[PDB]
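Peer 1: Following this message is one structure expressed as structure tokens.
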Number of protein chains: 2
Amino acid sequence: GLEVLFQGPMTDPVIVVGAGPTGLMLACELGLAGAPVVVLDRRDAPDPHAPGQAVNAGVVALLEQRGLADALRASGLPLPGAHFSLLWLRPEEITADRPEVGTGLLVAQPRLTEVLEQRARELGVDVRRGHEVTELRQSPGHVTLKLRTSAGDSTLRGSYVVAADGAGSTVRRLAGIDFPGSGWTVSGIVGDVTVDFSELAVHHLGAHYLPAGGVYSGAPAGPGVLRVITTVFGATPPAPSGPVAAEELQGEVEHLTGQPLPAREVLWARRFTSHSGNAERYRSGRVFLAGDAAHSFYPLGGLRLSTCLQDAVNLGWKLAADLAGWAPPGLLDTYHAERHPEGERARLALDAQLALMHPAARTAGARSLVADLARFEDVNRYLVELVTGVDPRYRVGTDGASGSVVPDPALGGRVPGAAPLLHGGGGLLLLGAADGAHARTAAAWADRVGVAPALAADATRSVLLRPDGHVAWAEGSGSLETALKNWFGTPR
Amino acid sequence: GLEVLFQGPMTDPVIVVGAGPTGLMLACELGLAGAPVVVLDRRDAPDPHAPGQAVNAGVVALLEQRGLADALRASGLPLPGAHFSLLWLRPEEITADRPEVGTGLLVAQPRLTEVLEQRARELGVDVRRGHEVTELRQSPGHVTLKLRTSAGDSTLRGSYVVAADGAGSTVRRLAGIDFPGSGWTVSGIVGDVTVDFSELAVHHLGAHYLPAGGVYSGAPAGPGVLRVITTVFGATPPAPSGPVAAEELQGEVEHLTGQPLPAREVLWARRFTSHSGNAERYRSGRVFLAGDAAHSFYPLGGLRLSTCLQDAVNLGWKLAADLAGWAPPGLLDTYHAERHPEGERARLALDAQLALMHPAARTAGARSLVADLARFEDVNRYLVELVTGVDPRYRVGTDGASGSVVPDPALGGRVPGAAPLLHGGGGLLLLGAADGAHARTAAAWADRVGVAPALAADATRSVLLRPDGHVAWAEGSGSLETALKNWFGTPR
Ligand SMILES: Cc1cc2nc3c(=O)[nH]c(=O)nc-3n(C[C@H](O)[C@H](O)[C@H](O)COP(=O)(O)OP(=O)(O)OC[C@H]3O[C@@H](n4cnc5c(N)ncnc54)[C@H](O)[C@@H]3O)c2cc1C
Ligand SMILES: Cc1cc2nc3c(=O)[nH]c(=O)nc-3n(C[C@H](O)[C@H](O)[C@H](O)COP(=O)(O)OP(=O)(O)OC[C@H]3O[C@@H](n4cnc5c(N)ncnc54)[C@H](O)[C@@H]3O)c2cc1C
């Protein structure tokens with residue numbers, strides 16, 4: 001009982017289950033927007049072995065609009081190249097028109113998580129490690145979680161619960177939400193090996209599709225450390241998961257590339273199995289799914305983390321607007337409406353890439369076809385924009401109407417040049433001279449929408465940005481006033 | 001002994017083994033060019049069940065340049081549509097620029113074979129049915145075949161032997177030539193069903209990919225006769241070949257389309273198994289492979305017959321030039337050099353199309369990708385030109401040099417408007433004003449090369465056509481005189 005004393009007033013927080021990249025990004029968005037939030041995680045400390053290294057332009061864009069990209073870049077190498085099914089593309093052909101496309105990074109996933117965690121701490125977010133969610137019960141007005149710590153069992157009440165608990169999501173299972181997909185289940189080994197980088201043959205650096213039917217990737221992770229991923233397709237692994245010894249990893253490396261690594265020591269190595277899935281719904285009452293809990297697929301490129309952080313940034317401001325009481329009706333429902341098809345589009349894109357790799361003998365013709373088609377400029381642009389995480393566009397109609405049957409193709413995308421203007425959060429109306437009145441209209445929403453010149457964002461007409469950076473209106477797409485109502489609610 | 005008497009002088013013929021479309025087209029080309037030819041076939045009569053119905057623009061072009069297309073068209077329906085992996089394309093977008101692309105036909109394969117057989121008879125070609133080739137022996141200057149008839153065993157001497165004996169080629173096996181491919185082996189049922197066409201639901205007409213994983217095709221073959229092909233992918237058939245009863249065919253139709261056919265009677269039906277292969281070489285001494293004997297793949301569209309007749313027309317004039325004594329050195333070797341990669345390109349194109357269909361759940365993403373890419377104009381053109389048989393281009397360098405490392409992209413293709421000018425056979429120099437001398441140069445080869453105005457062929461500059469209709473030279477691609485030497489030999 002005594003624990004309740006002296007804590008002061010408290011509003012029912014958004015409970016974020018999981019302190020990976022998804023959870024922490026969402027907690028930063030909630031924190032910035034002034035919503036109450038608690039983050040739980042079953043681990044005692046951050047995972048030093050979090051495996052990702054490819055952080056694409058889609059991720060960087062979201063970091064940039066919160067001023068988090070510089071901290072990540074300090075630990076990263078520019079990764080300007082782009083591939084589809086490990087066929088190399090030509091991103092340089094469109095970077096003049098879309099500079100964003102060249103902002104991807106090679107950077108270890110724990111560095112991203114550290115950047116987000118530090119920002120969450122600055123925004124006052126309480127991150128409760130050693131806390132495992134074991135049960136969930138919804139009520140009309142709140143949710144209650146059962147937790148386990150080394151003390152013992154306890155309860156926590158929130159306004160909302162967001163599953164950011166990874167691909168095997170406890171919460172998704174507790175909510176009884178199905179996770180269908182294509183049946184692509186692909187196994188690999190990931191680990192870190194001590195090397196002298198000068199000793200490496202060129203075929204031990206970078207990511208390679210081996211025509212026999214497998215993938216090898218070697219990328220520097222730190223001083224004298226090579227991060228290695230191997231997958232041998234159609235080979236049933238000795239087991240579907242668990243730790244892996246040097247011999248087994250060296251076995252796969254040599255099988256694929258013809259040669260074992262010049263390895264001093266395998267620091268760590270584990271067998272992973274990726275499932276392909278998209279959750280049938282992203283919302284159930286006051287429970288939401290985000291990141292890997294909502295969608296999973298083999299991590300060939302950077303779409304896992306970009307869909308993760310795109311979910312977090314779509315959801316946070318919407319949860320906060322709902323709690324603050326100004327959200328237009330249906331705002332929370334647009335999370336599923338916008339993110340569910342995007343999870344599916346990414347999941348389906350990995351199915352496409354895998355079907356050009358395995359079974360190798362049978363897929364060679366399709367692979368050669370796509371390689372041929374990728375010589376055309378419009379095909380190259382389509383694939384580059386896909387794999388870099390830059391092509392998502394929400395369906396937004398005239399007057400900013402959500403989920404339109406007649407989407408306006410000028411709306412729902414991004415204004416990359418606006419990122420520095422959005423660090424404070426909130427909506428943003430970019431004002432351009434292209435043909436008084438816009439500023440005047442927007443004044444009634446000045447508590448939710450700031451103003452800046454379109455020219456400070458390299459935009460060439462007036463545009464309205466949601467707090468997630470996506471375009472809800474632009475000059476020529478109907479009424480600004482109706483679009484302000486549709487996304488930001490009733491005038492003050 | 002008495003059989004030898006009274007027969008008169010005889011030159012050693014080209015022996016064509018097989019009187020299918022490949023064999024008979026080749027015999028027509030040899031006949032027209034004045035070379036001696038005999039055609040053997042193990043069957044007692046033409047096959048009434050020869051299964052093909054899709055005759056693409058590539059086939060029609062070769063028929064047109066011999067005036068055979070009108071006779072076929074009398075039995076056919078225009079099939080202007082085009083597909084890739086049963087994704088429908090937009091051939092209408094390029095027919096303004098390439099009218100050829102819209103000349104494909106729905107016409108029963110026995111009608112093609114009948115047209116070619118009648119023409120072979122007019123050219124005096126002896127077609128010896130009930131003759132089965134059982135052995136082959138090469139000598140430096142001729143070849144000897146062992147034959148079986150209902151009389152008994154015998155021998156036949158030729159200058160050359162061409163295998164036109166189908167996908168299971170006896171001759172390819174006797175020559176010890178390997179037939180590698182991808183491992184795509186795809187089984188189906190083909191048959192003819194008596195129907196009232198008005199009773200058919202729309203899903204029983206045309207060719208359809210069933211998302212479950214199979215193909216159904218229903219096309220009219222004659223009065224009250226529907227030709228039906230079914231393949232159920234990944235279903236191991238009851239047997240790999242043999243006759244098939246109504247129940248089994250109706251089983252597959254209903255499995256695929258949800259509904260059996262309104263069938264009065266199944267006239268005939270058989271199980272087929274298609275192997276994917278391209279022969280490792282198309283020539284071994286005085287033995288050549290052509291058509292299905294040289295390449296095989298699942299018959300989804302019309303590339304089987306177009307590669308077949310393209311081989312026949314490539315080879316015939318070359319064999320004849322060799323026998324007549326005027327062929328430039330190496331001419332016969334250009335048959336393999338030109339046709340082997342084309343057989344492979346077609347075989348690989350069917351691998352590509354199959355890898356977008358099976359296994360259905362796993363390939364859906366790749367299929368959706370290609371459907372998306374096919375919205376672009378350049379992708380649409382690439383696929384249309386591929387599937388219609390219109391995109392082959394031989395590698396021909398400046399000055400008409402064969403097998404160049406630096407191919408001239410203006411050479412090696414066709415001039416479709418020239419077809420009416422080529423009925424007589426021989427080479428053809430099309431004369432245009434675009435910048436006296438060309439006609440003068442060509443005069444030294446007037447025994448092998450005719451002349452006509454480029455404007456009578458809708459060409460806009462001077463071009464030299466080989467007897468197969470392919471471009472060996474055009475104004476601006478180096479020396480006409482050197483190109484005449486490279487393809488037609490020494491000046492008179
Ligand atoms: C070998 C490999 C390589 C990869 N490489 C890349 C890459 O280069 N680029 C890329 O974009 N993606 C990559 N990925 C994918 C990437 O690692 C994931 O998408 C990412 O970790 C997802 O983050 P998340 O926050 O959704 O989930 P996670 O990072 O899985 O975090 C979930 C958190 O929830 C916690 N949790 C789980 N259950 C509970 C519970 N019941 N109660 C409390 N806490 C709980 C866990 O402790 C964990 O901290 C790779 C994946 C693998 C396996
Ligand atoms: C169900 C099905 C549907 C098809 N549909 C299409 C289609 O719509 N369009 C298309 O383009 N293609 C289609 N095809 C492919 C097409 O039928 C073949 O490509 C075509 O028959 C090949 O002709 P060919 O002359 O090379 O061989 P074949 O037509 O097989 O003729 C070979 C000949 O050689 C003879 N022979 C064999 N061995 C010997 C021997 N030892 N001695 C003497 N004679 C011998 C045989 O009797 C036969 O007459 C289809 C195939 C199938 C199975």
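Note on naming: chains are A, B, ... as they come in the structure tokens, residues start from 1 per chain, ligands start from 1 in the order shown.
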Mind checking DSSP for stretch 40-146 of chain A and telling me the helix (DSSP H, G or I) residues as a PyMOL selection string?
Peer 2: chain A and resi 57-64+69-73+91-93+99-102+109-122
Peer 1: To check your reading of the model: which residues sit at most 7 Å from ligand 2 when counting only C-alpha atoms and all ligand atoms? Write the answer as a VMD selection string.
Peer 2: chain B and resid 17 to 23 40 to 43 50 to 55 131 to 134 164 to 167 169 to 171 189 to 190 229 272 274 290 to 293 299 301 to 306 308
Peer 1: Quick one: which residues from chain A are at most 9 Å off chain B, using only C-alpha atoms, as an MDAnalysis selection string?
Peer 2: chainID A and resid 181:184 347:356 361:370 373 376 378:379 382
Peer 1: Quick one: pull the distance between atom CA of residue A:214 and atom CA of residue A:233, Å, one decimal.
Peer 2: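 Between atom CA of residue A:214 and atom CA of residue A:233 the gap works out to 5.3 Å.
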Peer 1: Please identify all polymer residues within 10 Å of stretch 143-159 of chain B, counting only C-alpha atoms, omitting same-chain residues fewer than 6 positions from it, and present them as JSON, numbers by chain.
Peer 2: {"B": [11, 12, 13, 14, 15, 16, 36, 37, 38, 40, 42, 44, 128, 129, 130, 131, 132, 133, 134, 135, 136, 137, 171, 285, 286, 287, 319, 323]}
Peer 1: So what do you get for atom CA of residue A:288 versus atom CA of residue A:162, distance-wise?
Peer 2: 4.6 Å
Peer 1: Run DSSP on the backbone of this structure and report the residues of stretch 273-401 of chain A it assigns to strand (DSSP E), as a PyMOL selection string.
Peer 2: chain A and resi 273-275+277-278+283-284+287-289+295-296
